$ cat start_1.txt   # compact mmCIF, N, CA and C atoms
# COMPACT_ATOMS: atom_id res chain seq x y z
N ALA A 58 94.97 -44.13 -10.38
CA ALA A 58 93.77 -43.80 -9.63
C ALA A 58 92.53 -44.37 -10.31
N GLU A 59 92.47 -44.26 -11.64
CA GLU A 59 91.33 -44.80 -12.37
C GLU A 59 91.26 -46.32 -12.25
N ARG A 60 92.41 -47.00 -12.31
CA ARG A 60 92.41 -48.45 -12.17
C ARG A 60 91.96 -48.87 -10.77
N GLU A 61 92.44 -48.18 -9.74
CA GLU A 61 92.00 -48.49 -8.38
C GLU A 61 90.51 -48.25 -8.22
N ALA A 62 90.01 -47.15 -8.78
CA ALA A 62 88.58 -46.89 -8.74
C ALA A 62 87.81 -47.98 -9.47
N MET A 63 88.33 -48.43 -10.61
CA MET A 63 87.68 -49.51 -11.35
C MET A 63 87.59 -50.77 -10.50
N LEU A 64 88.69 -51.14 -9.84
CA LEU A 64 88.69 -52.34 -9.02
C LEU A 64 87.70 -52.22 -7.86
N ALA A 65 87.75 -51.09 -7.16
CA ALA A 65 86.86 -50.90 -6.02
C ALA A 65 85.40 -50.91 -6.45
N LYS A 66 85.08 -50.21 -7.55
CA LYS A 66 83.71 -50.17 -8.03
C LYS A 66 83.26 -51.52 -8.56
N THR A 67 84.16 -52.30 -9.15
CA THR A 67 83.79 -53.63 -9.60
C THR A 67 83.46 -54.54 -8.42
N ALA A 68 84.28 -54.48 -7.36
CA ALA A 68 83.96 -55.26 -6.17
C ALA A 68 82.63 -54.80 -5.56
N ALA A 69 82.43 -53.48 -5.48
CA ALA A 69 81.19 -52.96 -4.94
C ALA A 69 80.00 -53.36 -5.80
N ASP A 70 80.20 -53.45 -7.11
CA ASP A 70 79.10 -53.83 -8.00
C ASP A 70 78.80 -55.31 -7.93
N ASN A 71 79.81 -56.16 -7.72
CA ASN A 71 79.53 -57.57 -7.45
C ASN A 71 78.73 -57.72 -6.16
N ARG A 72 79.16 -57.03 -5.11
CA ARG A 72 78.41 -57.07 -3.86
C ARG A 72 77.00 -56.54 -4.06
N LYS A 73 76.86 -55.47 -4.84
CA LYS A 73 75.55 -54.88 -5.08
C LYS A 73 74.66 -55.80 -5.90
N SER A 74 75.23 -56.52 -6.87
CA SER A 74 74.45 -57.49 -7.62
C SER A 74 73.93 -58.59 -6.70
N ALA A 75 74.80 -59.11 -5.83
CA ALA A 75 74.36 -60.12 -4.89
C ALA A 75 73.26 -59.58 -3.98
N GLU A 76 73.46 -58.39 -3.44
CA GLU A 76 72.49 -57.81 -2.53
C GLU A 76 71.18 -57.51 -3.24
N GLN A 77 71.25 -57.11 -4.51
CA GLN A 77 70.05 -56.76 -5.26
C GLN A 77 69.25 -58.00 -5.62
N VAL A 78 69.91 -59.09 -6.02
CA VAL A 78 69.17 -60.33 -6.25
C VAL A 78 68.57 -60.82 -4.95
N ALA A 79 69.33 -60.73 -3.85
CA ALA A 79 68.81 -61.15 -2.55
C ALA A 79 67.55 -60.38 -2.19
N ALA A 80 67.61 -59.05 -2.27
CA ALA A 80 66.43 -58.24 -2.03
C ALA A 80 65.33 -58.57 -3.03
N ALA A 81 65.70 -59.01 -4.23
CA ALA A 81 64.69 -59.39 -5.21
C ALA A 81 63.84 -60.54 -4.70
N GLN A 82 64.48 -61.64 -4.28
CA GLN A 82 63.63 -62.75 -3.84
C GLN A 82 63.02 -62.43 -2.48
N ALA A 83 63.68 -61.59 -1.68
CA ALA A 83 63.10 -61.18 -0.41
C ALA A 83 61.77 -60.46 -0.63
N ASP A 84 61.76 -59.47 -1.52
CA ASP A 84 60.54 -58.73 -1.81
C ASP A 84 59.51 -59.62 -2.50
N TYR A 85 59.97 -60.52 -3.37
CA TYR A 85 59.04 -61.45 -4.01
C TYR A 85 58.32 -62.30 -2.97
N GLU A 86 59.07 -62.89 -2.04
CA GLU A 86 58.46 -63.69 -0.99
C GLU A 86 57.57 -62.85 -0.09
N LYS A 87 58.01 -61.63 0.24
CA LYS A 87 57.22 -60.77 1.11
C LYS A 87 55.87 -60.45 0.47
N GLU A 88 55.87 -60.06 -0.80
CA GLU A 88 54.62 -59.70 -1.45
C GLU A 88 53.76 -60.93 -1.71
N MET A 89 54.37 -62.09 -1.98
CA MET A 89 53.58 -63.30 -2.12
C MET A 89 52.89 -63.66 -0.82
N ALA A 90 53.61 -63.54 0.30
CA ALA A 90 53.00 -63.79 1.60
C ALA A 90 51.90 -62.78 1.89
N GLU A 91 52.12 -61.52 1.53
CA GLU A 91 51.08 -60.51 1.71
C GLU A 91 49.83 -60.85 0.91
N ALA A 92 50.00 -61.27 -0.34
CA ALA A 92 48.86 -61.63 -1.17
C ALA A 92 48.13 -62.84 -0.61
N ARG A 93 48.87 -63.85 -0.17
CA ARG A 93 48.24 -65.03 0.41
C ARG A 93 47.49 -64.68 1.69
N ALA A 94 48.07 -63.82 2.52
CA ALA A 94 47.38 -63.39 3.74
C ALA A 94 46.12 -62.60 3.41
N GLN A 95 46.18 -61.75 2.38
CA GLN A 95 45.00 -61.00 1.98
C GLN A 95 43.91 -61.94 1.47
N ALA A 96 44.30 -62.96 0.71
CA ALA A 96 43.33 -63.96 0.25
C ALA A 96 42.71 -64.70 1.43
N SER A 97 43.53 -65.06 2.42
CA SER A 97 43.01 -65.72 3.61
C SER A 97 42.03 -64.81 4.34
N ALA A 98 42.35 -63.52 4.43
CA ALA A 98 41.44 -62.57 5.06
C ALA A 98 40.13 -62.47 4.30
N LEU A 99 40.20 -62.44 2.96
CA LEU A 99 38.99 -62.46 2.15
C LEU A 99 38.14 -63.67 2.49
N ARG A 100 38.74 -64.86 2.48
CA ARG A 100 37.99 -66.07 2.76
C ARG A 100 37.39 -66.03 4.16
N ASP A 101 38.17 -65.60 5.15
CA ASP A 101 37.70 -65.59 6.53
C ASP A 101 36.54 -64.62 6.71
N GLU A 102 36.65 -63.42 6.14
CA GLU A 102 35.56 -62.45 6.29
C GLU A 102 34.31 -62.92 5.55
N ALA A 103 34.48 -63.53 4.38
CA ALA A 103 33.32 -64.07 3.68
C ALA A 103 32.65 -65.16 4.50
N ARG A 104 33.45 -66.05 5.10
CA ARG A 104 32.89 -67.12 5.91
C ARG A 104 32.18 -66.56 7.14
N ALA A 105 32.77 -65.55 7.78
CA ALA A 105 32.13 -64.95 8.95
C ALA A 105 30.82 -64.27 8.57
N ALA A 106 30.80 -63.55 7.45
CA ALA A 106 29.57 -62.91 7.01
C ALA A 106 28.50 -63.94 6.70
N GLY A 107 28.88 -65.03 6.03
CA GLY A 107 27.92 -66.09 5.76
C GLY A 107 27.40 -66.73 7.03
N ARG A 108 28.28 -66.93 8.01
CA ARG A 108 27.86 -67.50 9.29
C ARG A 108 26.86 -66.58 9.98
N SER A 109 27.14 -65.28 10.00
CA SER A 109 26.21 -64.34 10.60
C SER A 109 24.87 -64.35 9.87
N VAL A 110 24.90 -64.39 8.54
CA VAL A 110 23.67 -64.38 7.76
C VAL A 110 22.84 -65.62 8.07
N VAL A 111 23.48 -66.79 8.07
CA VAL A 111 22.74 -68.02 8.31
C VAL A 111 22.21 -68.06 9.74
N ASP A 112 23.00 -67.58 10.71
CA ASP A 112 22.53 -67.56 12.09
C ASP A 112 21.31 -66.66 12.23
N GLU A 113 21.36 -65.47 11.63
CA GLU A 113 20.22 -64.57 11.70
C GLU A 113 19.00 -65.17 11.01
N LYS A 114 19.20 -65.78 9.85
CA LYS A 114 18.08 -66.36 9.12
C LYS A 114 17.44 -67.49 9.91
N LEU B 51 75.63 -56.96 -13.17
CA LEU B 51 74.77 -55.98 -12.50
C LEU B 51 73.59 -55.59 -13.39
N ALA B 52 73.84 -55.37 -14.68
CA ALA B 52 72.74 -55.06 -15.58
C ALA B 52 71.74 -56.22 -15.65
N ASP B 53 72.25 -57.45 -15.75
CA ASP B 53 71.38 -58.62 -15.77
C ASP B 53 70.61 -58.75 -14.47
N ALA B 54 71.25 -58.45 -13.34
CA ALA B 54 70.58 -58.53 -12.05
C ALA B 54 69.46 -57.51 -11.95
N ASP B 55 69.69 -56.29 -12.44
CA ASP B 55 68.63 -55.29 -12.44
C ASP B 55 67.48 -55.71 -13.34
N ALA B 56 67.79 -56.24 -14.53
CA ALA B 56 66.74 -56.71 -15.43
C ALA B 56 65.95 -57.85 -14.80
N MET B 57 66.64 -58.78 -14.14
CA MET B 57 65.97 -59.89 -13.48
C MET B 57 65.14 -59.39 -12.31
N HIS B 58 65.63 -58.38 -11.59
CA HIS B 58 64.83 -57.76 -10.53
C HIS B 58 63.52 -57.23 -11.10
N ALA B 59 63.60 -56.49 -12.20
CA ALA B 59 62.39 -55.93 -12.81
C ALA B 59 61.45 -57.04 -13.27
N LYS B 60 62.00 -58.06 -13.94
CA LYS B 60 61.16 -59.14 -14.46
C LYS B 60 60.50 -59.92 -13.32
N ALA B 61 61.26 -60.22 -12.27
CA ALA B 61 60.70 -60.93 -11.13
C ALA B 61 59.64 -60.09 -10.42
N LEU B 62 59.87 -58.78 -10.31
CA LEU B 62 58.87 -57.91 -9.70
C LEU B 62 57.58 -57.89 -10.53
N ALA B 63 57.71 -57.84 -11.85
CA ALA B 63 56.54 -57.87 -12.72
C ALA B 63 55.78 -59.18 -12.56
N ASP B 64 56.49 -60.31 -12.62
CA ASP B 64 55.84 -61.60 -12.43
C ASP B 64 55.23 -61.70 -11.04
N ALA B 65 55.86 -61.08 -10.04
CA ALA B 65 55.34 -61.13 -8.68
C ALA B 65 54.03 -60.38 -8.56
N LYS B 66 53.96 -59.17 -9.13
CA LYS B 66 52.70 -58.43 -9.10
C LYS B 66 51.63 -59.16 -9.89
N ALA B 67 52.00 -59.76 -11.02
CA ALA B 67 51.03 -60.53 -11.79
C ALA B 67 50.49 -61.70 -10.97
N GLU B 68 51.38 -62.42 -10.28
CA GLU B 68 50.94 -63.54 -9.45
C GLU B 68 50.06 -63.06 -8.30
N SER B 69 50.41 -61.92 -7.70
CA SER B 69 49.60 -61.38 -6.61
C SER B 69 48.20 -61.05 -7.10
N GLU B 70 48.09 -60.40 -8.26
CA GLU B 70 46.78 -60.09 -8.81
C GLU B 70 46.01 -61.37 -9.13
N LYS B 71 46.68 -62.37 -9.70
CA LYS B 71 46.01 -63.61 -10.05
C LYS B 71 45.48 -64.32 -8.81
N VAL B 72 46.29 -64.40 -7.75
CA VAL B 72 45.85 -65.06 -6.53
C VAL B 72 44.75 -64.26 -5.86
N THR B 73 44.81 -62.93 -5.93
CA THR B 73 43.73 -62.12 -5.40
C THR B 73 42.42 -62.41 -6.13
N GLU B 74 42.48 -62.51 -7.46
CA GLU B 74 41.27 -62.83 -8.22
C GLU B 74 40.75 -64.22 -7.88
N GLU B 75 41.66 -65.19 -7.75
CA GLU B 75 41.24 -66.54 -7.38
C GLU B 75 40.59 -66.55 -6.00
N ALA B 76 41.16 -65.80 -5.06
CA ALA B 76 40.57 -65.71 -3.73
C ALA B 76 39.21 -65.05 -3.77
N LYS B 77 39.05 -64.03 -4.62
CA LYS B 77 37.74 -63.40 -4.77
C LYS B 77 36.71 -64.39 -5.30
N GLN B 78 37.09 -65.19 -6.30
CA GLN B 78 36.18 -66.21 -6.81
C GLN B 78 35.84 -67.23 -5.72
N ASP B 79 36.84 -67.64 -4.94
CA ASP B 79 36.60 -68.59 -3.87
C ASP B 79 35.64 -68.01 -2.83
N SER B 80 35.83 -66.74 -2.48
CA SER B 80 34.94 -66.10 -1.52
C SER B 80 33.52 -65.99 -2.06
N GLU B 81 33.38 -65.67 -3.35
CA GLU B 81 32.05 -65.64 -3.96
C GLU B 81 31.38 -67.00 -3.87
N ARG B 82 32.12 -68.06 -4.21
CA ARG B 82 31.54 -69.40 -4.14
C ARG B 82 31.16 -69.76 -2.71
N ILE B 83 32.02 -69.43 -1.75
CA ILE B 83 31.74 -69.75 -0.35
C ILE B 83 30.50 -69.01 0.12
N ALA B 84 30.38 -67.72 -0.23
CA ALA B 84 29.20 -66.96 0.17
C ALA B 84 27.94 -67.53 -0.46
N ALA B 85 28.01 -67.90 -1.75
CA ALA B 85 26.84 -68.45 -2.42
C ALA B 85 26.40 -69.75 -1.76
N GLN B 86 27.34 -70.65 -1.50
CA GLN B 86 26.97 -71.93 -0.91
C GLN B 86 26.51 -71.76 0.53
N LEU B 87 27.08 -70.81 1.27
CA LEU B 87 26.61 -70.54 2.62
C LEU B 87 25.18 -70.01 2.60
N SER B 88 24.86 -69.11 1.67
CA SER B 88 23.49 -68.62 1.56
C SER B 88 22.53 -69.74 1.19
N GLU B 89 22.94 -70.62 0.27
CA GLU B 89 22.09 -71.74 -0.10
C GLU B 89 21.86 -72.67 1.10
N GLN B 90 22.91 -72.93 1.87
CA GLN B 90 22.76 -73.76 3.06
C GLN B 90 21.85 -73.10 4.08
N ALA B 91 21.95 -71.78 4.23
CA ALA B 91 21.06 -71.07 5.14
C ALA B 91 19.61 -71.19 4.70
N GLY B 92 19.36 -71.07 3.39
CA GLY B 92 18.01 -71.26 2.89
C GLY B 92 17.49 -72.67 3.15
N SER B 93 18.36 -73.67 2.94
CA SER B 93 17.96 -75.04 3.22
C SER B 93 17.63 -75.23 4.70
N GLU B 94 18.43 -74.64 5.58
CA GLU B 94 18.15 -74.73 7.01
C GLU B 94 16.82 -74.06 7.34
N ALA B 95 16.56 -72.90 6.74
CA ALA B 95 15.31 -72.19 7.02
C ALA B 95 14.11 -73.01 6.58
N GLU B 96 14.16 -73.59 5.38
CA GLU B 96 13.04 -74.41 4.93
C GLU B 96 12.90 -75.68 5.76
N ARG B 97 14.02 -76.24 6.24
CA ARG B 97 13.93 -77.38 7.15
C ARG B 97 13.24 -76.99 8.44
N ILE B 98 13.53 -75.80 8.96
CA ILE B 98 12.85 -75.33 10.16
C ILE B 98 11.36 -75.14 9.89
N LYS B 99 11.02 -74.63 8.71
CA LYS B 99 9.61 -74.50 8.33
C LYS B 99 8.92 -75.86 8.34

$ encode --input "start_1.txt" --output "structure tokens"
Amino acid sequence: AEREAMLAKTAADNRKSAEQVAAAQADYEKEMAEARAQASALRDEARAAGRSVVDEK
Amino acid sequence: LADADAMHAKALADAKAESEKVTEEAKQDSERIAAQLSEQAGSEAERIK
């Protein structure tokens, strides 16, 4: 029983290692995209505020 | 599995560091854009004068 449990858990742990690395780069890409989008929003809002200021002036 | 968990932690740390760095760079870019836009607005105003 212990040997069978060892084999099953080893297979599950190989699958879990693969899934965990996969989720690793998935979350890395997701947060990088989030940061880039936030930077783009910063730039866009700054540009819009400057446009409004110059138009009013 | 242990190495994968350690790499997950290390990649997450580097990811948050990169996110903070790019956020700071974007803040600097926005500051520069706002400054140059204000300067251009002043130039336009004096040209109208």

$ interface_residues --input "start_1.txt" --of "chain B" --to "chain A" --cutoff "6 Å" --atoms "only C-alpha atoms" --output "PyMOL selection string"
chain B and resi 51+54+58+65+69+73+76+80+84+87+91

$ atom_distance --input "start_1.txt" --atom1 "atom N of residue 77 in chain B" --atom2 "atom N of residue 92 in chain B"
22.4 Å

$ atom_distance --input "start_1.txt" --atom1 "CA of residue 66 in chain B" --atom2 "CA of residue 83 in chain A"
13.8 Å

$ atom_distance --input "start_1.txt" --atom1 "CA of residue 83 in chain B" --atom2 "atom N of residue 109 in chain A"
12.2 Å
